[PDB]
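Participant: Chains as they are written, first to last, in full-length UniProt numbering: chain A, 8 to 82; chain B, 111 to 165.
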Amino acid sequence: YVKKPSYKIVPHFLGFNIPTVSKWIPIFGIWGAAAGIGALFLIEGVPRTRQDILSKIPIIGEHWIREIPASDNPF
Amino acid sequence: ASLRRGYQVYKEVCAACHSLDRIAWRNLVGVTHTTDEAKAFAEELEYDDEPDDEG
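1. Would the segment 60 to 78 of chain A and the segment 138 to 148 of chain B be scored as touching if the rule is three or more Cβ pairs under 8 Å?
2. Spatial neighbours of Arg57 of chain A within its chain, please: CB distance less than 7 Å, with the 5 preceding and 5 following residues excluded, ordered by chain position.
3. Taking its Cβ as the centre, do 16 or more other Cβ atoms sit within 10 Å of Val139 of chain B, making it buried, or is it exposed?
4. Rounded to a whole number of angstroms, what is the C-alpha to C-alpha distance between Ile133 of chain B and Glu156 of chain B?
5. Closer than 8 Å, CB to CB, is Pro81 of chain A near chain B or not?
6. Consider the Cβ of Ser78 of chain A: report whether some Cβ of chain B lies at a distance smaller than 8 Å.
7. Determine whether the Cβ of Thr145 of chain B lies closer than 8 Å to any Cβ atom of chain E.
8. How big is the Cα-Cα spacing for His128 of chain B and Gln118 of chain B?
9. Can you give me the start and stop residues for the alpha helix (DSSP H) that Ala40 of chain A sits inside?
10. What residue range does the alpha helix (DSSP H) around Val119 of chain B cover?
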């Protein structure tokens, strides 16, 4: 015979609990990747982005190493 | 190549009477001339400087 139902209250805050939030952790990860890719894409034209980030990527990075010949540059 | 030849006609014929005031020497560079050719054209002329120390 069972006298009482068997349960606990899990910690919660603002209607979030750890079981639920843990299911969304990977989704935040992907959104963060999406935001990272998008941000980097937006500033791909910025020279510093090319100099510091994009030109350092292996294989692909030579796409961003481009020199104007000194003969063709007024400045 | 036609643009470069056209600059030479401008310079030797038209420029006696006609100005080209909106074009700077830097504008020719990498269009019709190299940096060095255009600097040579600029350096042959005299332009007004800022006044000297006695004004």
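Think of the CB as a built atom: it goes at the ideal place given N, C-alpha and C, for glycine as much as any other residue.
Facilitator: Short version:
1. Judged by Cβ distances under 8 Å, the segment 60 to 78 of chain A makes contact with the segment 138 to 148 of chain B, as three or more pairs qualify.
2. One-based indexing of the first sequence puts residue 57 of chain A at position 50. Closer than 7 Å at the Cβ level, and outside the excluded window around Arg57 of chain A, lie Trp71.
3. The sequence position of residue 139 of chain B within the second sequence is 29, counting from 1. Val139 of chain B should be labelled buried.
4. Stepping through the second sequence from its first residue, residue 133 of chain B is reached at position 23. Stepping through the second sequence from its first residue, residue 156 of chain B is reached at position 46. Going from the Cα of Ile133 of chain B to the Cα of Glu156 of chain B covers about 17 Å.
5. Within the first sequence, the letter at position 74 stands for residue 81 of chain A. So yes, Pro81 of chain A belongs to the interface.
6. Numbered from 1 along the first sequence, position 71 holds the residue referred to as residue 78 of chain A. By this cut-off, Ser78 of chain A is an interface position.
7. Absent from the structure is chain E; the protein chains it does hold are A and B.
8. Taking the second sequence and counting its residues from 1, the one referred to as residue 128 of chain B is at position 18. Taking the second sequence and counting its residues from 1, the one referred to as residue 118 of chain B is at position 8. Rounded to whole angstroms, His128 of chain B to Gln118 of chain B spans 14 Å at the Cα level.
9. Within the first sequence, numbered from 1, the residue matching residue 40 of chain A stands at position 33. Here the alpha helix (DSSP H) through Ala40 of chain A covers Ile25 to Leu49.
10. On the second sequence, residue 119 of chain B is found 9 positions in, with the first residue counted as 1. Segment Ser112 to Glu122, the alpha helix (DSSP H) holding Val119 of chain B.
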